Ligand SMILES: [Br-]
Ligand SMILES: [Br-]
Ligand SMILES: [Br-]
Ligand SMILES: [Br-]
Ligand SMILES: [Br-]
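Chains as they are written, first to last, in our numbering: chain A, 34 to 238; chain B, 34 to 238.
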């Protein structure tokens, strides 16, 4: 038997590893395959049974074919390379961001969210590691998961948060654990879902 | 009017950012989209017109519609967490490798290279970041791009090479720039291809 979990691309550089450790401790002979896909493909994988669980960040596309349980919120920060021309400057004006290249993460142009584009020109990539590498080369600025800074403490030396966004709503993902309602859940999947639901604190009666 | 380059999943941690910088200095208005995909899907994208260029490793089934030029070799290192039980020892024995879970990267079970499985049990993931995270949780050992230690010097402090592989031939990728013979290439793609080919040093007459 095996358990395949699809982590939507945008959530790769997030915190899913705790769930894998839980599963591995409880099922020491289980084969756990961690794969990644656009959210659109992730959902189809749940429908045709190639994945048993998905980590996703948007309920908008969810029909009732899907069931889910809320997980943690993941924080993202707008950053720029400290050696970028705009970085010498004490602060980046909102005109300067309007005129600088933004590196955006999205599965395709179609899935680009306009309220999150702040520059007139942008490049699109489908994962935060690619975005991060290009920002590091001074090719632009963009929004990265705070977790990346935990994974790689040298990034603080090389990247700088953009203060100009301090009076703007924070960038974040709300992460759900999603499965197919029609599926017959395996023991490991049921263990994890039950674990997450049971660990939530409920109001006193 | 835009250039989409697909980097196959296995190569996300290589020096592909050099090629992007060359493109952007020469075409300051070009939209460059860096996407990633399984090697099988990437060839399909070249044929579809989804992508103009692909960074690929050794293709299993050659197609006459593809054309390529060789780029770097990328070195891989077999590693284990410094906090894994086996790491305390001076050396890990062949038997111990055989009995510890290997974290392997491949687009699916069938594209696993059986010559690179050294353990009875393994987990499959589709990219090296995911593999790295799990190795850092002591869930197994596995092979990672040497470049990941350059991107993140921290890993030097958390992982160690397994010298039990010292008498084994080194793990590497042969990386090719690939395009479609039938697709016609924009100016940006042609410029990169020509640049690669003409930068090669040629033997004296
Ligand atoms: Br088990
Ligand atoms: Br700033
Ligand atoms: Br241009
Ligand atoms: Br591997
Ligand atoms: Br060793």
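We put the beta carbon where it would ideally sit given N, CA and C, even for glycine.
DSSP three-state assignment for residue i, whether helix, strand or coil
i: residue 50/A; result: helix
i: residue 189/B; result: helix
i: residue 209/A; result: strand
i: residue 236/A; result: coil
i: residue 114/A; result: strand
i: residue 105/B; result: strand
i: residue 100/A; result: strand
i: residue 158/B; result: strand
i: residue 178/A; result: strand
i: residue 172/A; result: coil
i: residue 198/A; result: helix
Residue i - containing alpha helix (DSSP H), residue span
i: residue 224/B; result: 220-232
i: residue 120/B; result: That residue, residue 120/B, is in no alpha helix (DSSP H); it is neither H nor E in DSSP.
i: residue 166/A; result: 161-169
i: residue 131/A; result: 127-131
First and last residue of the uninterrupted beta strand (DSSP E) at residue i
i: residue 85/B; result: Per DSSP, residue 85/B belongs to no beta strand (DSSP E) and is neither H nor E.
i: residue 135/A; result: 135-138
i: residue 69/B; result: 64-70
i: residue 36/A; result: 35-41
Sequence-distant residues of its chain with Cβ nearer than 7 Å to residue i (five each side left out)
i: residue 37/B; result: 66, 68, 83, 84 and 85
i: residue 116/A; result: 171
i: residue 165/A; result: 177 and 181
i: residue 221/B; result: 36, 56, 60 and 63
Cα-Cα separation between residue i and residue j, rounded to whole angstroms
i: residue 108/A; j: residue 55/B; result: 33 Å
i: residue 187/A; j: residue 182/B; result: 12 Å
i: residue 39/B; j: residue 97/A; result: 34 Å
i: residue 94/B; j: residue 151/A; result: 44 Å
i: residue 80/B; j: residue 34/A; result: 36 Å
i: residue 76/B; j: residue 230/A; result: 42 Å
i: residue 74/A; j: residue 142/B; result: 19 Å
i: residue 199/B; j: residue 208/B; result: 23 Å
i: residue 113/A; j: residue 189/A; result: 11 Å
Check: residue i C-beta below 7 Å from any heavy atom of ligand 5
i: residue 124/B; result: yes
i: residue 196/B; result: yes
Contacts of residue i in chain D (Cβ-Cβ under 8 Å)
i: residue 45/A; result: Here chain D cannot be found, since the structure's protein chains are A and B.
Closer than 7 Å: residue i CB and nearest ligand 1 heavy atom
i: residue 209/B; result: no
Any non-hydrogen atom of ligand 6 closer than 7 Å to residue i Cβ
i: residue 173/B; result: Looking at this structure, you won't find ligand 6 anywhere; what it does contain is ligand 1, ligand 2, ligand 3, ligand 4 and ligand 5.
Chain-order list of residues whose beta-carbon lies under 6 Å from that of residue i (same chain, five-residue window excluded)
i: residue 148/A; result: none
i: residue 111/B; result: 176, 195 and 198
Any non-hydrogen atom of ligand 4 closer than 7 Å to residue i Cβ
i: residue 176/B; result: yes
Cut-off 8 Å between Cβ atoms - residues of its own chain near residue i, not counting five sequence neighbours on either side
i: residue 124/B; result: 196 and 197
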